[PDB]
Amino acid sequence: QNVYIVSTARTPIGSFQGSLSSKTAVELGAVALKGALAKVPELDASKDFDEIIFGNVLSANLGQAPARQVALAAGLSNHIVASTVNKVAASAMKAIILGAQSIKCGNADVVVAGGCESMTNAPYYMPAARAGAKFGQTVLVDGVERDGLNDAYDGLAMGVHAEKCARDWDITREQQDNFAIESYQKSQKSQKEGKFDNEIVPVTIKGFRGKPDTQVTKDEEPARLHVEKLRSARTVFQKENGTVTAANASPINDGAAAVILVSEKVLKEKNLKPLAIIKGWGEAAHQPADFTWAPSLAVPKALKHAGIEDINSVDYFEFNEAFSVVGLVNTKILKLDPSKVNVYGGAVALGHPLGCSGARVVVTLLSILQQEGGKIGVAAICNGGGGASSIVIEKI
């Protein structure tokens, strides 16, 4: 059975310890979901939503069942079936895939998919607290690092594996900086031309002691571009002869995104306007250290599953820019036209809230197909552990 997207929304993406600091991951998820629900008042929040599957990586200190909290906070009925999924950066795309599968199987007719992350408010852990440290120093671990940014097998940061990708595929410092700059320039242009306006819903920030309430309305990172400081930035993952910098890597970020999926049956009954159809998807994996070019494996699977014979049939691509090297390497391997890829800018400039980005790219991709006259789009996102997820959608 066909699976349609009828609504999408996302919060603006906040910087680490930035504009969305006062909000939890669940709260941000609620904002995005309320934004999406408001677009489809045909669907009754009190009755028509069968299931929620929501992405989140850093669940520590969020409380029981983050997807359940998001749904209830958004005003959805408590009869909703809820579950939270973690595929690191792929989490929210996996939520969409799983939601699509549920509709295809006839277990649900209306599914909420998406993801949320507050990397700001992910806590520190004390492993030795329960049993005791006994004697000598002990460590407080940054959860962002342990469960989000470091490889589980060698303990190294994803950025170190980005440096591996640079060596393996011959991608230079200067190539990565150029990609980064363009990502920022495209993101800034898109902001100025209102390209994100339909997809973003603002976050209300409560006023502090006589201060008025404010709205966070735009992504925080794009305005931070400083070309000269970017081009001379220190390499943070490898000191000597490095290529990856804080400027050309994606930042640490807070955000959420929501997508509403329905079956053909509901689309009819409810007189909903379909925005796009999920044509298919593909997921692949290989060596954990090679996660950066895993999307190159996933995309052909997605295309085959979608019944797309020629990759040139695809009008636009979204490759989540976990690093500038990720954007470059997959375009290179697949021999794609760069002008069709991340045309509004990507994660290097927009930000990368891990649990959100898998859906965020789909949301932005749909906006691109809608606003730039595209029919077929592909979204792919790599993930820590050596994997990637990819999805094909077609605008209606």
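From 1 onward, residues are counted along the sequence shown.
**Student:** Pick between 102 to 110 and 245 to 253: the one whose mean CA B-factor in the entry is higher.
**Tutor:** According to the entry, 102 to 110 carries the higher average C-alpha B-factor.
**Student:** May I ask you to compare 226 to 234 and 119 to 127 by their mean CA B factor in the entry and name the higher one?
**Tutor:** 226 to 234 has the higher mean C-alpha B-factor.
**Student:** Looking at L72, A306, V201, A90, which one carries the largest C-alpha B-factor according to the PDB entry?
**Tutor:** The record points to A306.
**Student:** Compare the CA B factors listed in the entry for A380, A25, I376, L20 and report the winner.
**Tutor:** In this record, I376 carries the highest C-alpha B-factor of the candidates.
**Student:** Place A67 in the lowest, middle or highest third of its chain's C-alpha B-factors, as listed in the PDB entry.
**Tutor:** Tercile = lowest for this residue's CA B-factor.
**Student:** Which third of the chain does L140 land in by C-alpha B-factor: lowest, middle or highest?
**Tutor:** Its C-alpha B-factor, which the entry lists for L140, ranks in the lowest third among residues of this chain.
**Student:** Quick check on the deposited entry: does the C-alpha B-factor of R146 sit in the lowest, middle or highest third of its chain?
**Tutor:** Lowest third, going by the recorded CA B-factors of the chain.
**Student:** With respect to C-alpha B-factor, does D290 fall in the lowest, middle or highest third of the chain as deposited?
**Tutor:** Middle third - that is where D290 ends up once the chain's C-alpha B-factors are sorted.
**Student:** C-alpha B factor of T364, ranked within the chain: lowest, middle or highest third?
**Tutor:** Middle third by C-alpha B-factor.
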